Amino acid sequence: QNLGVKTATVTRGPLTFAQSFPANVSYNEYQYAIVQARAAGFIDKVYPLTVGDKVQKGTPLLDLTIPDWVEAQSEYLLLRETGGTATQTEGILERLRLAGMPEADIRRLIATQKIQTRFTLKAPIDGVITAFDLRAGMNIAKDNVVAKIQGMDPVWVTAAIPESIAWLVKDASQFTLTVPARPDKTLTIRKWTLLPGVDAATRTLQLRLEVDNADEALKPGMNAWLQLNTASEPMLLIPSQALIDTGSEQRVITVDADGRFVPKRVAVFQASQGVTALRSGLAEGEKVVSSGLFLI
Amino acid sequence: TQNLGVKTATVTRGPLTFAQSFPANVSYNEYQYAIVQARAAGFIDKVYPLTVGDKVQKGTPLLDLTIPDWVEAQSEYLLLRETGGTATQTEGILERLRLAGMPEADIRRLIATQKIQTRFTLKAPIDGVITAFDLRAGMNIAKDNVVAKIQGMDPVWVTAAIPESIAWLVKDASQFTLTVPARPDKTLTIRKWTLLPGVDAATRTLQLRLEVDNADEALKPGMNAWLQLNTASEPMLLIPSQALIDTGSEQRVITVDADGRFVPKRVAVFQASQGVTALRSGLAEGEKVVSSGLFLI
Ligand SMILES: [Ag+]
Ligand SMILES: [Ag+]
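Chains as they are written, first to last, in the deposited numbering: chain A, 90 to 385; chain B, 89 to 385.
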């Protein structure tokens, strides 16, 4: 009959299965930008760039020159002399932007008057080079590609999930990202999405995850770990401490408010995370004692 | 757009079923063993052609043994059938003997054959397999001391290594499908099952105690046993997979309003399994669709 004790109380609810997962970083094929040629032409310059550097934003990649183009921009040129009604000249200018002449150039042809030489092309978005090293003098064709850039503001980690435990995930907080390379502050997490593709090896769905890269502290192909938390159909819960056995016997403390205790019988369904859930034995609201201590 | 050598399919709500094979190691149940112990001090005789591990067919002899003291009273009583001592007296000692531990089938022989009871054999309780015992000949023993053990085999234990994550999703014996490389044979029926809530700290893994019906006795333990388990999923709208199509960013399939007129409806697949698929969103509970179809542009 002591009372240097602590009170506990039975509760209904689910558990929380921990689970760490292997994750490999990735570049979202969405936050990228490519620069393509308006139409065939030839090249010039090409700066001190390799397949992957750091462009600051809108900056030169290479000058280039185009034949054919000129043929008409000169034909047109004479009309401003041979009194060809405005509508005529205009009709050929659109017939040029058509083929694909930069608008800001045409104003410059019309103003500076001197036919349009070569015209450099600048990188659209800040980012990181990928593909491109081609240089000097090359013959190209229409909308053919010339180079790519990679954005880094958002990033991709793709953990490999078991279908069996798939649909138990429906909120971004179940996830807890972590990285060996960068402990640091946070690993905040934009949005999550699940490619319903069943990697036929182990029944595994690729689980895409756009992560906030601002401080740019991450490259790709790194090592990334995913602490996921799953749950369970709710069951009668009790703190583990307050449970005891050692053999076929399994059960603990009933405490009806009269401060009087009693041996009640419970069969643990499963245990996890320092607390246990009884398949059967107690009642929704019943009170039990954890950390207690008293005599025979 | 008009053929009809087809087959009709109808959308529905419900769960999927996740397959999953698992490693299992057979085992003997520490409940299906028996030990034969002595009633009281005595000495021995015989001891049959048995080794530490044979095949007892059930209730059968292990050895006969001789005991003194026992005699003391069983002779005293023998005179009360001559010296006219009320039936109540005699019977009072017989119980006082079964008390000490006298085989009921032996007393009948004491009363019938009359000849005081020489020695008396002891038989093996349960069908099984001998474990411990090789002791033989003539030996001095004491009271409830042990003599031999046996291992039952009729019920057998297999224990799969289950992940808690998936744990609670199992509540019926039929999800279990047992298979053994060694013995394809007929069935592998499965008495009862149960979970030992001890989380194997390595991988978050429970045990999965399974009592399997070993009748034909075709399984020793330490064997290889595979457990094809099936899980489930919170209910979602289903469609036969045959009746779905894509190949790129497009994903959707046949809507068939009763007018026999079809239409390209757009659906989003949550995941697939076991030959059917489940749409996160897209169609309607009971909308009609076509599997096994086939027609033109
Ligand atoms: Ag449950
Ligand atoms: Ag679903």
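Idealized CB from N, CA, C, for every residue including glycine.
Let me check one thing: in DSSP terms, what residues is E299(A) bridge-paired to? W245(A), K280(A)
Cutting at 6 Å between CB atoms, please list the residues of its own chain near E299(A), excluding the five before and the five after it. Leaving aside the five residues that flank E299(A) on each side, the residues in its chain whose CB is nearer than 6 Å to its CB run, in chain order, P243, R279, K280.
Roughly how many angstroms separate the alpha carbons of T98(B) and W245(B), rounded to a whole number? Rounded to whole angstroms, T98(B) to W245(B) spans 43 Å at the Cα level.
Verify the contact flag: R101(B), CB atom, against every heavy atom of ligand 2, threshold strictly below 7 Å. no
I need the straight-line Cα distance from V355(A) to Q339(A), nearest angstrom please. Computed Cα separation, rounded: 6 Å.
At 3 residues or longer, what runs of the beta strand (DSSP E) sit wholly inside the stretch 331-363 of chain B? The stretch 331-363 of chain B contains these whole beta strand (DSSP E) runs: 339-345, 349-354, 356-361.
Report yes if the C-beta of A255(A) is less than 7 Å from at least one heavy atom of ligand 2; otherwise report no. no
Cross-chain neighbours of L296(B) in chain A, by beta carbon under 7 Å: Within chain A, no residue comes near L296(B); the closest Cβ sits about 12 Å away, beyond 7 Å.
Got a sec: does ligand 1 put a non-hydrogen atom nearer than 7 Å to the Cβ of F106(A)? no
Is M324(A) near ligand 1 - that is, is its Cβ less than 7 Å away from at least one heavy atom of it? yes
7 Å CB neighbourhood of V344(B) in its chain, flanking five on each side removed: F350, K376, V377, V378
Do we get a CB-CB distance below 8 Å when we pair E299(B) with the residues of chain A? no
I'd like to know whether the C-beta atoms of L104(A) and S361(A) end up nearer to each other than 8 Å. yes
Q162(A) (DSSP reduced to helix, strand or coil): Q162(A) falls in the helix class under three-state DSSP.
Measure from the alpha carbon of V287(A) to the alpha carbon of each residue in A255(A), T275(A), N318(A), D304(A), then state which is nearest. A255(A)
Rounded C-alpha distance that separates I204(B) from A303(B): C-alpha separation (whole angstroms): 42 Å.
Under the three-state reduction of DSSP, which class applies to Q145(A): helix, strand or coil? coil
Range covered by the beta strand (DSSP E) that runs through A313(B): The continuous beta strand (DSSP E) containing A313(B) extends over residues 313-318.
Once the 5 residues before and after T148(A) are set aside, which same chain residues still bring their CB inside 8 Å of it? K211, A212
In chain order, what are the residue ranges of uninterrupted beta strand (DSSP E) at least 3 long that sit wholly in the stretch 182-239 of chain B? 208-211, 216-219, 234-239
When the Cα atoms are used, what is the spatial distance from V135(A) to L187(A)? 27 Å
Three-state secondary structure (DSSP) at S380(A)? coil
According to DSSP, is residue 387(B) helix, strand or coil? Nothing can be reported for residue 387(B), as the shown portion of chain B is limited to 89 through 385.
Using three-state DSSP, classify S321(B) as helix, strand or coil. coil
Could you spell out where the beta strand (DSSP E) holding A97(B) opens and where it closes? 96-98
Report whether the distance from the Cβ of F358(A) to the nearest heavy atom of ligand 1 is below 7 Å. yes
For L223(A), does the count of other Cβ atoms within 10 angstroms reach 16, so buried, or fall short, so exposed? Sixteen is the threshold: since fewer than 16 other Cβ atoms of the shown chains lie within 10 Å of the Cβ of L223(A), the residue is exposed.
Looking at the secondary structure, which residues open and close the beta strand (DSSP E) in which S109(B) lies? 107-115
Pull out every residue of the stretch 309-325 of chain B whose Cβ sits closer than 7 Å to any Cβ of chain A, in chain order. For the stretch 309-325 of chain B, which is checked against every Cβ of chain A, the residues closer than 7 Å are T319, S321, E322.
What did DSSP end up calling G93(A) once you bin it into helix, strand or coil? coil
List the residues that DSSP assigns as beta-bridge partners of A122(B). The partner list for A122(B) (beta bridge, DSSP) reads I238(B).
Reducing DSSP to helix, strand and coil, say where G130(A) ends up. Looking at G130(A) - three-state DSSP - the assignment turns out to be strand.
For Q359(A) versus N318(A), is the C-beta spacing smaller than 8 Å? Contact: no.
Where does the unbroken alpha helix (DSSP H) through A255(B) begin, and where does it stop? Run containing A255(B): 252-255, per the alpha helix (DSSP H) assignment.
So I218(A) packs on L138(A), CB below 8 Å; how close in whole Å? 6 Å
Shorter than 8 Å from the beta carbon of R292(A) to some beta carbon of chain B? yes
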